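For reference, the structure discussed in these notes is given below.
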Amino acid sequence: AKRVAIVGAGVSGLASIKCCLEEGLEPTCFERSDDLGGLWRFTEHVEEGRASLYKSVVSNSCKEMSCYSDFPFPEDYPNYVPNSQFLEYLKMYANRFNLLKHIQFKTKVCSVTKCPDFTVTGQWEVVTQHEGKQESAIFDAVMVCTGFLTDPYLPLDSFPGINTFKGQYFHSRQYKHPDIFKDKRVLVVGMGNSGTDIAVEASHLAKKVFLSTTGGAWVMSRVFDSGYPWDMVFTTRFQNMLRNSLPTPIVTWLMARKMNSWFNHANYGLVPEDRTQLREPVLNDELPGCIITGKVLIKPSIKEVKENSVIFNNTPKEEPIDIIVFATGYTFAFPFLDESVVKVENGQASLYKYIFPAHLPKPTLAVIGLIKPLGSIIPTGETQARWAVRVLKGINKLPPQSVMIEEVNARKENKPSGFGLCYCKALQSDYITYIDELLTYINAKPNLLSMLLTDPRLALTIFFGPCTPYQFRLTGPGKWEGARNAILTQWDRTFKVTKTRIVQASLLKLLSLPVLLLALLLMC
Ligand SMILES: Cc1cc2nc3c(=O)[nH]c(=O)nc-3n(C[C@H](O)[C@H](O)[C@H](O)COP(=O)(O)OP(=O)(O)OC[C@H]3O[C@@H](n4cnc5c(N)ncnc54)[C@H](O)[C@@H]3O)c2cc1C
Ligand SMILES: NC(=O)c1ccc[n+]([C@@H]2O[C@H](COP(=O)([O-])OP(=O)(O)OC[C@H]3O[C@@H](n4cnc5c(N)ncnc54)[C@H](OP(=O)(O)O)[C@@H]3O)[C@@H](O)[C@H]2O)c1
Ligand SMILES: CCCCCCCCCCCCO[C@@H]1O[C@H](CO)[C@@H](O[C@H]2O[C@H](CO)[C@@H](O)[C@H](O)[C@H]2O)[C@H](O)[C@H]1O
Ligand SMILES: [Cl-]
């Protein structure tokens, strides 16, 4: 019966609407733009308050791995979907589960404030502008799905004399089409996934392209092992077990091996200076091809930028530059929340399970999609929303404010705790762990041990095979029937789209390639 306000109709938004309908609540979803998707909807223009995309973007997480747990991608969809097709997939999810009804478009959420009675009612005043007409309205609970990656980050201090530059420059955000660097001399600043992608793209046309890193980065292909989507090999329960039950110094060294096995990162000048602190690995299939053919060349860091030129640290050659692209990442904020509710300190909101603000008397505000997992946002946001709406409904319950506030402070001090691939800093989180924590909380986590006795086929395909989101809706509330069939047909769909030419499962694979061989008994 509870009335839920959903802020934004992005991936996270749609999941909330769906998860609301599903647990029989009344969702009202306020989108500020004129259609759903947020990011995944490519427009020509940059809309403010709404994440922006370049025309060439394709998913850096694979098809059967980054779909809503109860809604696979079509069979005819490529293993890594372009922004065009990703949007269609979202408009399909929206159509299917009848979500379009509940969305009000061109509706900025100007403010969400506790009701005066909140301490007893647990309600919210949601002020919403539409055709320049403010309109207050009371809601029983609010789910915020603004995500991040809309607010650009561009620290001009950090690039001395960029003011003096007489060429043109801009943030990745403002980038749409590669025409603009036809024959120009291009410097892409920051080896962000966006950076690398643009640099590579520029190389197609531009006379010269330089990609200025700072730390450097590890770089891997979508293609990965045997033409298998990397994630369908890497993000599997079994592997995730190995990594997490194995000392940081090893796994990090062990990764460098599996990253260099493509190309010696040292020779290409990508090698991160600081090992043992593995930043998000870059996902680009072209880069090396560009470096070896000299269409893109990695440069160490901007030392200073001149009238019509740039100088890099430890780099004697001053390089003439026409265009500078700052792929320097994005910040995030909540203008409609007050500081009393959500903090936004050090790229982090201080939320219990990166959702609930963990001091509020009543748990009736949820933040969906403010997390940086080791896997796709799509299922995380959804699996987030499942455990969320059931707190708002009161079917599940948060532990005491005393337990949440102190547990949050443990993750907030970014304490490495060694062993498992140290989870960086801000919104750090293992994909499988965080999902299993939440599936537990709503009693959807399948009993794998039991599974093995009852159904052994499925049991193994879930542990050794790719941790596909289907295996979330296998048992518990929201259980999907097709789930089992979907999990076992996993690879059949993954190969139908690549195998466009005939000739005359794929359980585990070769991630732990010099590992399972190296760490097998020395029987004395
Ligand atoms: C180039 C690129 C590629 C990516 N590829 C992948 C990928 O392959 N796989 C993956 O899992 N993730 C990927 N991501 C991450 C991406 O953030 C998610 O995939 C997805 O876009 C999450 O959507 P969201 O709901 O969190 O937020 P968004 O997509 O940003 O949607 C937020 C929505 O909220 C609306 N809004 C904002 N403020 C207000 C307000 N005050 N009132 C009302 N509405 C408001 C906006 O208009 C927008 O529609 C990628 C990101 C980028 C930039
Ligand atoms: N499909 C794709 O391939 C694709 C494309 C774009 C975006 N994405 C998604 O979007 C997310 C974030 O996108 P993004 O790449 O724009 O952000 P990002 O990955 O955070 O990139 C920002 C980069 O800018 C550099 N940087 C940051 N602060 C700096 C400073 N003060 N001075 C100099 N350099 C600085 C860093 O690289 P250096 O350390 O190298 O300088 C950093 O990695 C990704 O994780 C991914 O999910 C995916
Ligand atoms: C195979 C050798 C394992 C050596 C383990 C010794 C190192 C311990 C360091 C801390 C890491 C945690 O260690 C780990 O805990 C639990 C056991 O309760 C198991 O973890 C498991 O949890 C759930 C079941 O509840 C599974 O869905 C998940 O896929 C799996 O990771 C791992 O098999 C074990 O390795
Ligand atoms: Cl452009």
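PDB author numbering puts the sequence shown at residues 2 to 505, 512 to 531.
We treat Cβ as the ideally placed atom computed from N, Cα and C, and that holds for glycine.
Taking the C-beta atoms as reference points, residue 37 is found no nearer than 7 Å to residue 52. These are the residues, in chain order, with a beta carbon less than 6 Å from any non-hydrogen atom of ligand 4: 176, 177, 178, 181. In this structure, residue 420 has its beta carbon less than 6 Å from a heavy atom of ligand 3.
Secondary structure at residue 115: strand, using DSSP grouped into helix, strand and coil.
The alpha-carbon of residue 371 is positioned some 13 Å away from that of residue 151. Ligand 3 has no heavy atom closer than 6 Å to the beta-carbon of residue 474. Judged by DSSP in its simplified three-state form, residue 19 adopts helix.
Rounded to the nearest angstrom, the gap between the Cα atoms of residue 390 and residue 406 is 21 Å. DSSP places residue 28 inside the beta strand (DSSP E), whose first and last residues are 27-31.
Contact between the region 288-300 and the region 105-121 is absent: fewer than three C-beta pairs spanning the two stretches fall below 8 Å. One Cα belongs to residue 487, the other to residue 95, and the distance between them is close to 20 Å. Apart from sequence neighbours up to five positions away, the residues of its chain that approach residue 442 with a beta-carbon distance below 7 Å are 388, 397, ordered along the chain. The three-state reading of DSSP puts residue 144 in strand, counting E and B together.
Relative to ligand 1, the beta carbon of residue 150 is positioned inside 6 Å of a heavy atom. Only residues of its own chain outside the window of five on either side were considered, and among them 465, 466 have a CB closer than 6 Å to the CB of residue 514, listed in chain order.
For ligand 3, residues qualifying as neighbours are 238, 242, 246, where qualification means a beta carbon closer than 5 Å to at least one of its heavy atoms (chain order). Residue nearest to residue 176 within the set 198, 374, 165 is 198 (criterion: CA-CA distance). Scanning its chain for C-beta atoms nearer than 6 Å, with the 5 sequence neighbours on each side dropped, one finds around residue 342 the residues 358, in chain order. Within 10 angstroms of the beta-carbon of residue 103 lie 16 or more other beta-carbons, which makes it buried. Burial is judged here by how many other beta carbons sit within 10 angstroms of a residue's own beta carbon; residue 524 has fewer than 16 and is exposed.
Of the heavy atoms belonging to ligand 2, at least one sits nearer than 6 Å to the Cβ of residue 214. A distance below 7 Å separates the beta carbons of residue 337 and residue 112. At least one heavy atom of ligand 1 sits closer than 6 Å to the Cβ of residue 379. Judged by pairs of C-beta atoms under 8 Å, the region 343-362 touches the region 412-431, as three or more such pairs exist. For residue 252, the three-state secondary structure derived from DSSP is helix. Here the region 452-466 lies against the region 231-247, with 3 or more beta-carbon pairs under 8 Å apart. In the DSSP assignment, residue 213 is bridged to 190, 300. Judged by DSSP secondary structure, residue 89 falls within the alpha helix (DSSP H) whose first and last residues are 84-97.
The DSSP assignment places no complete alpha helix (DSSP H) segment of no fewer than 4 residues inside the region 29-73. Note on geometry: alpha-carbon atoms of residue 213 and residue 373 lie some 24 Å from one another. For residue 130, the enclosing beta strand (DSSP E) stretches over residues 125-130. For residue 312, the enclosing beta strand (DSSP E) begins and ends at 310-313.
The alpha-carbon of residue 65 is positioned some 27 Å away from that of residue 253. Counting only the Cα atoms, residue 21 lies some 14 Å from residue 368. For residue 260, the shortest separation between its Cβ and any heavy atom of ligand 2 does not lie below 6 Å. Under the DSSP assignment, residue 169 falls in the beta strand (DSSP E) whose first and last residues are 169-172.
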